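Protein chains: 2
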Amino acid sequence: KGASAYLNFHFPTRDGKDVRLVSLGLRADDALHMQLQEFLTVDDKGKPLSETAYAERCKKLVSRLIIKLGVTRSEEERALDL
Amino acid sequence: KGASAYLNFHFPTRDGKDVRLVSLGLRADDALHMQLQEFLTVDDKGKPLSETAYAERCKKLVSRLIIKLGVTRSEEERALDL
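Same order as they appear, the protein sequences are chains A and A'. A prime marks a further copy of an entry chain.
The deposited numbering puts the first residue of the first sequence at 18, with every later residue one more than the last.
The deposited numbering puts the first residue of the second sequence at 18, with every later residue one more than the last.
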């Protein structure tokens with residue numbers, strides 16, 4: 018029951034449209050998520066952002082993202098040295 | 018059993034470190050994921066990337082990301098008009 022907000026990461030595709038790479042559900046119990054939600058909705062005066070200010074802030078987020086490729090351990094490597 | 022690759026999105030935090038916002042598991046059955054994996058590992062000659070080339074490509078990804086905030090429908094709104 019009820020709705021929630023999502024942070025979606027889109028990337029341009031060869032057909033000139035885009036594709037949604039990953040989605041992040043912003044849980045109300047997560048102070049990071051709510052800081053993100055507030056940042057992308059409200060202008061630190063209560064006032065909902067103009068689409069311009071929203072698009073600017075989305076861009077500003079992007080500009081500070083860091084992308085890292087990570088490989089997890091295999092079960093063989095993670096097994097306890099027993 | 019076995020390992021897998023992940024695409025991690027980090028963001029800088031007020032303590033001057035960072036936090037991992039979202040992680041994307043790159044499934045071997047997903048041609049998008051494998052195109053991403055190849056892009057971040059290999060230099061279209063077979064040759065594994067230098068850390069420099071890797072960091073450059075990570076940045077290039079970031080530069081073309083589009084972030085959108087999306088709200089899903091509540092159960093009340095999504096209910097069938099029955």
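Every residue, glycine too, gets a C-beta built ideally from N, C-alpha and C.
For A':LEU97, the number of other beta carbons within 10 angstroms of its own is below 16, and it is reported as exposed.
Here the alpha carbons of A':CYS75 and A:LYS85 stand approximately 7 Å from one another. For A:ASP35, the residues of chain A' that pass the 9 Å Cβ criterion are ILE83, in the order they occur in the chain. For the C-beta of A:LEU78, the chain A' residues within less than 8 Å are, from N- to C-terminus, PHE28, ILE84. Annotation: A:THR69 to A:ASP61 spans about 15 Å, alpha carbon to alpha carbon.
Where A:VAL79 is concerned, there is no enclosing beta strand (DSSP E), although the alpha helix (DSSP H) around it starts and stops at 68 to 81. Within the same chain, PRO65, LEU66 come within 7 Å of A:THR58 by CB-CB distance, once the 5 residues on both sides are set aside.
With respect to A':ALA20, A:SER91 sits close: the two C-beta atoms are nearer than 8 Å.
Straight through space, the alpha carbons of A:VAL79 and A':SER80 are spaced by roughly 7 Å.
Excluding residues up to 5 positions away in sequence, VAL36 lie with their Cβ nearer than 7 Å to the Cβ of A:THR30 in the same chain.
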